[PDB]
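In what follows, a structure is listed as structure tokens, so that the remarks can point back to it.
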Amino acid sequence: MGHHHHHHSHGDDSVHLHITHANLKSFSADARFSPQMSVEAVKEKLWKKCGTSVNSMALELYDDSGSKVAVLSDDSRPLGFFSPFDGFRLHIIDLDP
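Our numbering applies: residue 3 is where the sequence shown begins, and numbers increase by one.
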């Protein structure tokens, strides 16, 4: 077999959020998300879909230093307008097993 390498030039605006599920040791899922998405939006999006309380699932948003940069004021602020980072550390504290 060979290897497919297709480069289609598009300077799209999306950050590489490293979503790590605490149930796993290393869950390498850096999904491209448009940084115009608010925390408010993603909550109700799953809320209306599943119909459940996402209270037992906390979002420990860490930086490169090792502190939680989630101040909850970011709930309504464009991530890509607040802090210049290629990808933030999303360690999901999923306490609902």
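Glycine is no exception: its CB is placed at the ideal position from the N, C-alpha and C atoms.
- Residue pairing by DSSP puts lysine 70 in a beta bridge opposite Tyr64.
- Rounded to whole angstroms, the separation of the alpha carbons of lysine 50 and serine 69 is 31 Å.
- Among the bridge pairs identified by DSSP, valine 56 is matched with none.
- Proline 37 is classed as buried because its beta carbon has at least 16 other beta carbons within 10 Å across all chains shown.
- Going by DSSP, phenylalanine 84 is part of no beta strand (DSSP E) but of the alpha helix (DSSP H) stretching over 81–84.
- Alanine 33 is positioned such that its CB atom lies no closer than 9 Å to that of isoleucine 94.
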